[PDB]
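# A look at the structure
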2 protein chains.
Amino acid sequence: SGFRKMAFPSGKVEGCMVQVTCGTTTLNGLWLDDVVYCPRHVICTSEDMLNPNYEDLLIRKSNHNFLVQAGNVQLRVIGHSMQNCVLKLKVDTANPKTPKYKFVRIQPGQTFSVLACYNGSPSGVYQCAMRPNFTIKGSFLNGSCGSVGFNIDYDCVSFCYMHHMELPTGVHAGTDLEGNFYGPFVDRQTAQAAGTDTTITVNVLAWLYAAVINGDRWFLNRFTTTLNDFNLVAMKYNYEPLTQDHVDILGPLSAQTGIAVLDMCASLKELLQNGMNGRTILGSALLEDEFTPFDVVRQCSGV
Amino acid sequence: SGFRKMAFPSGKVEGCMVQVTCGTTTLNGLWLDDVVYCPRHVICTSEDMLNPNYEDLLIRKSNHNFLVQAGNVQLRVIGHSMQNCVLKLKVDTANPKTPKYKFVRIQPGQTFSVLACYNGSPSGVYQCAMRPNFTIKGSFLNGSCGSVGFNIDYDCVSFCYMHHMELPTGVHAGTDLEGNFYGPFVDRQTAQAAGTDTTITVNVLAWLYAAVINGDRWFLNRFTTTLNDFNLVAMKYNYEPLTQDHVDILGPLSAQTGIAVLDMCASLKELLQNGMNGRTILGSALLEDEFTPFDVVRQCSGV
Ligand SMILES: *[C@H](O)[C@H](C[C@@H]1CCNC1=O)NC(=O)[C@H](CC(C)C)NC(=O)OCc1ccccc1Cl
Ligand SMILES: *[C@H](O)[C@H](C[C@@H]1CCNC1=O)NC(=O)[C@H](CC(C)C)NC(=O)OCc1ccccc1Cl
């Protein structure tokens, strides 16, 4: 028992992190087979960074412009290309620690683990949710670009995020591993705003189910509501609408607890209208929306 | 920028996790050099578990009673001994992935990363604080015993925790890697209660400094108080007393923000008396005490 925000063990990804240097800029790269992937803005200089023409910048580079370092061993670059906002550096050595992997793009509301890295060296691991506005609430300092986000599924690493930038609100933006940004962001030193965000309703309900499984029951009630009536409450509090497929995804949790989804929605309605009255749920005094139904099932099956 | 509860990258510990089986009981072990460490209650049966005599139980075992498995490779046990509540199984192969390591016992209020494991296979990673009452608030299911807690410091892994049990309140208890319990707990199937807990004051103040560094300033005020006057407020709200050494540990954070510790204590005093009035600090609606000053400095130096 217990419920904790939990990252995937990071070992398989740690074995893939390298350091990529171009000029005076150094960031992280991801070394899979004989290709290193990193943010293309490593080829920027202090003048280009406001609005650089990356095709021009890459044409003016040669393989020897790129210093790649796998710990102490220097890797020899034998080719370079651009794929959207990611640079691909072909190297003369296949990474012997390459796991089984996929490049996957995730949906808003889904979670992944971030391995924060600096100078090719992993520093920490934590869980992030892709917000509805395509930002993540991370912890990134200078030198963290090229850190990746991932999920693990039977020894296969599904990479879904590479870090590129921070926004003025302190949230973070990046690309998939094909180099395509999540959200309407671009890789240059401009003041970019994320769209308005919303709360991930299905995740809040999953977390309420986690709470029941772990013994927090004070917010439950005898009431049940309808899908249409709940979605009216959801719009008023800036929550996403609940779909029938969401009810179906929550099926296993509703089954394990014996609490119908629309029974739990009545509890959420009262929580939104009344607050918590000084009480906590799973150690929080606000409603948490960064746990997926999958995340909850992962920790709550044996309880 | 951003501030997130962050675990250490788990790769060095992942390479040490094995599965230990004795009879029908299976849990995790920690394989360092040619010794595997695991909870001694793996040698219990369904009848002994209420109050077993472990010296008797181990005398009645032989090396072939222990099935050790490093993934698919079976490890041959060539010796066994007991050290307090930990069993030490000597094996015929030194773990080639053994990191530089220490066995360290941590103090209440300090944090560590937990690598949750099942059947020798790592499942997730998260951060825990040792509570003043020597429990941790983890996430552990059946089969998780032998999972370890650790910190990493320049490629040296300091192991500080091995998991043994869950208490009726849903919190967790275990030993150091010498097999000595944290707290007044024993490894048997009895209903054990933890002592009353208290809030780790120095950690709350460190987290308030993290908040300022990240731009949360609404709780600040022009007031300053004295150490003696703050500690009177601390006792009323079940907070630990603040010592001069705590003020000194917070020195770097006070320096970086230009906010004296006793200036921040005045803010904490008002927060304790008035609450938050619907506002949040670093995404929380309660005062967080599981971040050490060290944890904060790790994420807040570049900001
Ligand atoms: C890459 O390492 C870096 C990550 C930033 C640095 C601070 N926190 C982060 O997440 N990306 C950038 O610096 C990015 C470069 C442009 C894409 C060319 N710019 C950016 O994020 O602008 C904001 C910024 C830049 C420097 C320091 C702090 C901040 Cl907020
Ligand atoms: C070891 O794997 C196990 C870890 C428990 C299992 C559920 N959550 C945990 O943290 N330890 C024990 O089962 C321990 C054995 C005795 C030390 C001999 N007993 C225990 O924790 O009692 C409580 C218990 C036991 C089984 C299931 C649930 C719970 Cl709460």
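About the criteria used
- Residues numbered from 1 in each chain as written, not as in the entry; some residues may be left out.
- Chains lettered and ligands numbered in written order.
- Heavy atoms only, no water.
- Helix = DSSP H or I, 4+ residues; strand = E, 2+ residues; numbered from the N terminus.
- Buried < 20%, exposed > 50% of the residue type's maximum accessible area, 1.4 Å probe, protein only.
- Contact = heavy atoms within 4.5 Å.
- Pairing = 2+ DSSP bridges.
- Axes fitted to C-alpha atoms, helices over the stretch in contact; angles between N-to-C directions.
- Least-squares fit on C-alpha atoms.
- Near = heavy atom within 4 Å.
- Polar contact = N/O pair within 3.5 Å; in protein donor to acceptor, adjacent residues only side chain to side chain.
- Areas by Shrake-Rupley, 256 points an atom, 1.4 Å probe, with all protein chains shown as cover.
- Nonpolar A, V, L, I, M, F, W, Y, C, P; charged D, E, K, R; others polar.
- Parallel < 35°, antiparallel > 145°, perpendicular 65-115°, else oblique.
- Salt bridge = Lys/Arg side-chain N within 4 Å of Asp/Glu carboxyl O.

### Some points on the overall build of chain A
On a plain count of helices and strands, chain A comes out with eight helices and 13 strands. Along the first, second and third principal axes, the C-alpha set of chain A runs to 70 × 40 × 30 Å. Residues classed as buried in chain A amount to 54% of the 303 residues present. Looking at chain A alone, contacts between residues at least 24 apart form 64% of all its contacts between residues at least 6 apart.

### Some details on the sheet that holds strand β4 (residues 66-70) of chain A
Residue and element names in this part refer to chain A. Here seven strands make up an open sheet; going across it, the order is β5-β4-β1-β2-β3-β7-β6 and the pairing antiparallel. Whereas interior strands pair on both sides, the edge strands pair on one side only; in this sheet they are β5 (73-75) and β6 (77-83). The average angle at which neighbouring strand axes cross in this sheet is 30°, direction not considered. Pairing geometry for strand β1 (residues 17-22) and strand β2 (residues 25-32), over six bridges, is antiparallel. From the neighbouring strand, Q19 faces β2, where its bridge partner is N28.

### Observations concerning the relation of the copies chain B and chain A
Take chain B, turn it by 180°, move it 0.0 Å along the axis, and it overlays chain A with an RMSD of 0.0 Å. Such a turn and shift between the copies fits a two-fold axis. Taking C-alpha positions as reference, the residue of chain B nearest the rotation axis is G11 of chain B, located at 1.8 Å. Here 100% of the interface residues in chain B have copies in chain A that are interface residues too; the copies meet face to matching face.

### Re the site of ligand 2
Residue and element names in this part refer to chain B. Near ligand 2 you find 15 residues, and of these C145, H163, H164, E166 and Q189 are the closest. One nitrogen or oxygen atom from the main chain of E166 is found 3.0 Å from an oxygen atom belonging to ligand 2. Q189 is positioned such that a nitrogen or oxygen atom in its side chain is 2.9 Å from a nitrogen atom of ligand 2. Notes on ligand 2: free accessible area 600 Å², of which the protein chains cover 78%. Looking at the shell around ligand 2, its residues break down into four nonpolar, eight polar and three charged.

### Quick word on the packing of helix α3 (residues 201-213) of chain A against helix α7 (residues 261-274) of chain A
Residues and elements named next belong to chain A. Across the interface, α3 lies against α7 with an axial gap of 10 Å and an inter-helix angle of 100°. Judged on the interaxial angle alone, α7 and α3 are roughly perpendicular. Contacts between α3 and α7 involve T201, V204, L205, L208, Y209 and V212 from the first element and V261, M264, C265, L268 and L271 from the second. For the contact of α3 with α7, the per-class residue count stands at 10 nonpolar, one polar and no charged.

### Some words on the pattern of salt bridges
Residue and element names in this part refer to chain A. This model, assessed by the stated rule, comprises 14 salt bridges over all chains. Note that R131 and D289 form a salt bridge whose closest N and O atoms lie 2.8 Å from each other. With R131 in the loop between β10 (121-129) and β11 (148-153) and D289 in the loop between α7 and α8 (293-300), this pair connects stretches of sequence that are 158 residues apart. For the pair formed by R131 and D289, the shared burial category is buried. Taken together, the shared-partner salt bridges connect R131, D197, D289 and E290 into one network.

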